[PDB]
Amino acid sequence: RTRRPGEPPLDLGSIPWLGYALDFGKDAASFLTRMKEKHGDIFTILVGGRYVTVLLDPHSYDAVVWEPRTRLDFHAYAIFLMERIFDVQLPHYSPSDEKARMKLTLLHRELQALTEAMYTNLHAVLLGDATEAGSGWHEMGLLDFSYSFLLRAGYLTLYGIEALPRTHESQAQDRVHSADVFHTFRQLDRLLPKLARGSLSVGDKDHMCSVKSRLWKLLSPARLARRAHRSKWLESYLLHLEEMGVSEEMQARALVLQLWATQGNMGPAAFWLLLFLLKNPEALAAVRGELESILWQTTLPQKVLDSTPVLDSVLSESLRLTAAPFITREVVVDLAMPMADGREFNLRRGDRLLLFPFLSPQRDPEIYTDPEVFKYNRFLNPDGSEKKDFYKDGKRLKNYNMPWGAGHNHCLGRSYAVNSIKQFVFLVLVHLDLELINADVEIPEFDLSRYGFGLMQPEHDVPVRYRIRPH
């Protein structure tokens, strides 16, 4: 490994073959920050046997993300992750064909069906669980709270319900079944990073295999076939799998993968958002105020969804601070990469290209002043309208907040995710009293091993209590 003309700064580290494998794995954001300081906005580093070209200039992300698979490929790493984490291997298929197919079942008239179904499931699960436990305060971790209700409602919306004439007894069974899905799923979720790195102990391995075994049985095509009000998202996905001749037991494996892909972010996102509001009285008052004016003018007032500018900014800001996915490409053929300021750089076939929006634009102090601070109105202009104008190096940024990925490898459920988070926040702030146990609790650190998977998770939960509001 010697630099060719036109290639980025190259930094091999101290340890042979491994390189910066340890530093990157332990805390990728801290490590990559140091490397930005050392090398500027593009560098090639060696980590665990691979040469990773890191691009940290947000102005130059568009020259990379829209590139064809025959030049820059995202699918090889997804494929690898499917197998190593979820034990799914599927017949070769087109990712761009399937993403197009899937995204349609998550948009327009289907989204409207999902959005309506989501609100009644969120309501049924949240108010169902509170009514069962009774009218007093209930103590809970805020993550456990946010993740539980969103995943359980999300699961019931996408995977269907016990019954559709809709009874007291079917709704009660869905609360219990969905709680089982949540509690089992969470055991796998917690160990995802170790799964991906193959660092499970003998016991961890046995625990993971038993958890998978249960999840694969819960979400078997046979069990799902009896469920009512299944989503077009699900039904068309099942058909796609059948088309490829995938057996029912591998269908179940793929459905558990989809369970993670569709539910593994909303819960954690809402946790951080609610925590930031609980810690910032002026921010919470402005959110309450906006939702209350609409409430004063079981369906959801459409204005909560499409006319909540303060809430939109709160969600954008929350995600700015806590969404840390990797945008990752395999360099398929030797190529030239244009930077927005005139420069170009040579990418070598076999290298891995990594963009990390979390670091820039999201926590870039030249873009956002005090980027470490939650400022609820950061995405609002003084008149309360959505702020869309952000700058770096004397130029207006097209990409300034990128929690949903970019290019053709971006979130297929984004509108549904935003709508769902807003419905949950609305339900919590309007029906419930919600309180930190200790109002001076500090915001926990992330589990720093999770960088790159999507929404960050806290290294420990935050104790809260809630109740159905009494009068």
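From 1 onward, residues are counted along the sequence shown.
Per-stretch averaging of Cα B factors for 274-282 and 324-332 places 324-332 on top. According to the PDB record, 59-67 carries the higher mean C-alpha B-factor of the two stretches 59-67 and 417-425. Per the PDB entry, 344 shows the highest C-alpha temperature factor of the residues 344, 180, 389, 204. Take 146, 381, 297, 401 and read off each C-alpha B-factor from the entry; 297 has the highest.
Sort the modelled residues of the chain by CA B factor and residue 471 lands in the highest third. Ranked by C-alpha B-factor against the other modelled residues of its chain, residue 449 falls in the middle third.
Among the modelled residues of the chain, residue 463 sits in the lowest third by CA temperature factor in this PDB entry.
In the deposited entry, the Cα temperature factor of residue 92 places it in the highest third of its chain's modelled residues. For residue 85, the recorded CA B-factor ranks within the middle third of the chain. Only modelled residues enter the ranking.
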